[PDB]
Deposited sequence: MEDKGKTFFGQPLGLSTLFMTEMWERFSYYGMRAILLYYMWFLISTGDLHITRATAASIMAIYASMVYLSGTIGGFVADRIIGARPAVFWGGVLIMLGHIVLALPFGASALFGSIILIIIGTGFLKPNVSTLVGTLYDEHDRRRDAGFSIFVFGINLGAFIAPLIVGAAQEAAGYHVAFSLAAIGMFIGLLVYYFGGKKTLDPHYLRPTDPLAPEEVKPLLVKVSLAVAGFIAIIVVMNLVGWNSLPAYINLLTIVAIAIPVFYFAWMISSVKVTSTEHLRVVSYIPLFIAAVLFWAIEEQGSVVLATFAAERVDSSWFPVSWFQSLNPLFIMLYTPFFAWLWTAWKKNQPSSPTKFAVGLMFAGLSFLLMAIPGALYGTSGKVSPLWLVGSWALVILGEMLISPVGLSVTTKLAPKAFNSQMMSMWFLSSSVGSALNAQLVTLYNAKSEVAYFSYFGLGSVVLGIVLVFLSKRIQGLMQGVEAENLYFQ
């Protein structure tokens, strides 16, 4: 009888848990770059704005990378329900430390807490949604669609509420609101979950066997030791600026899939090779999409007349278009019975739309010059285009592909950590035109390659 939009009642709990976590996350993302600008302007943070942009990008990269690890830790060590709870606690702490009366000195600690916390929570709330359904339950896709609406809803309202709070009451109060958002999520999660969640998920479902503990320990220890060795050598040869560390994280984030690629190609060999263009297309798409909170956020603050509203509000456009497009594409893929495009073709076209979203942004500077301010509608059109691309590439991404798919966004963001340092008023038009055109061209290349990939 009683449901949450046709689904098991437990979905309401997880819906709200993620909505409020996404609220805390995207509330932070909407103001953190501006916060670093503020800390630079007061002389508390001694970096360039370019490096601040780089930080935003690599932050996102590590959050995504962390997400590829959290499922293992839940499934094999601590359980999905405690992963979500303690992940949320860590996330809340990460916002609290920025709410505290510190300055730049608290930034790194905040970032680490949220990287670890999001890694624990994000994959595992998704897992818990699955546990609501039997294997044979046809409602599963509908349920995840509803869950995703909650995600986007949280992403949508957070810049509005947290961004407004920031401009009125300051950054510390704004970060306190992010923390409170996660707290609300934890309250609903903790008390609601006890009502509907299977007790089974209080513990690992595939706990380490006795003989598995030592090898895992050796694996992790060697990884940490090597990473620390690299940092020691870096400091010895004088490569110890913040950009150097960001470069190290960039290399690590990119080396991970590259090593996977090199592994599989060495160790259906055709299939794996054919994924390379798809994986590259996904990386470049996520790169462009993830620049919304960095380069488009910069354009919004410097190049747009937003005198009458908080410029952080532009970050709401991304989840807004997702919500607006979704029922149309839901309809589209079911109504498109005859000659529906293949997944490789969807990637190509998706990459093209992302390219167009940047080519569009080259136009105001080319037409009006870069010294003035332009209509907010340029950014609206840009987000409209890139999200159109997301609708094509994202729903079939994991399908056509596993971890390397989830890694595509991490790698895209790591690429951004390098690229966004190139963006400024002098380079604006060339930046948008170059990377936009480059993306369209590779989209066109992928179209040429499409039939072969579809065959394999």
Can you list the gaps, in order, where the deposited sequence has no modelled residues? 1-4, 272-277, 412-423, 479-490
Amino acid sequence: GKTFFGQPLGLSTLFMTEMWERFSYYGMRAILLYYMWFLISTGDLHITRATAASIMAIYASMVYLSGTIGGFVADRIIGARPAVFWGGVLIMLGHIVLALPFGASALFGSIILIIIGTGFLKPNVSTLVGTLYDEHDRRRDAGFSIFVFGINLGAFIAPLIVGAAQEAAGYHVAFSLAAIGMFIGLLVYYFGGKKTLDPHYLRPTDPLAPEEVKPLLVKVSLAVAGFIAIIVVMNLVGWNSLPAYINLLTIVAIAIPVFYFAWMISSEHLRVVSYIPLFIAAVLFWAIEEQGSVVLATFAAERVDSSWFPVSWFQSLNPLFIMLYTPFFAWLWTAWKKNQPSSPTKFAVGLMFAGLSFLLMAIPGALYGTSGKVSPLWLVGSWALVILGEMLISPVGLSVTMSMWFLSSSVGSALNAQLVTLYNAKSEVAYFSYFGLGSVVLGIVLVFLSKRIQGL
From here on, numbers count along this sequence of modelled residues.
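For clarity, a rigid core is taken as the largest C-alpha set superposing within 1.5 Å between two forms.
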426-434 against 405-413 - segment lying farther from this form in 8 other deposited structures of this protein (CA RMS, rigid core fit): 405-413
Superposing the other structures by the rigid core, the farther-displaced stretch by RMS over CA atoms in 8 other deposited structures of this protein, of 285-293 and 128-136, is 128-136
Establish whether the other compared PDB entries of this protein leave residue 394 unmodelled at least a third of the time. no
Tell me whether residue 167 turns out to be unmodelled in at least a third of the other entries of this protein, restricted to those that model residues on both sides. no
Can you tell me which stretch has the higher mean Cα B-factor, 272-280 or 304-312? 272-280
Mean C-alpha B-factor comparison - 359-367 and 128-136, higher one: 128-136
C-alpha B-factor winner, where the candidates are 179, 377, 354, 234: 234
C-alpha B-factor winner, where the candidates are 422, 404, 60, 53: 404
What third of its chain's C-alpha B-factors does residue 71 belong to: lowest, middle or highest? middle
Among modelled residues of the same chain, the CA temperature factor third for residue 342: highest
Taking the C-alpha B-factors as the PDB entry records them, is residue 218 in the lowest, middle or highest third of its chain? middle
Could you look up the Cα B-factor of residue 426 in the entry and say which third of the chain it sits in: lowest, middle or highest? highest
Pull the Cα B-factor of residue 263 out of the PDB entry and bin it into the chain's lowest, middle or highest third. highest
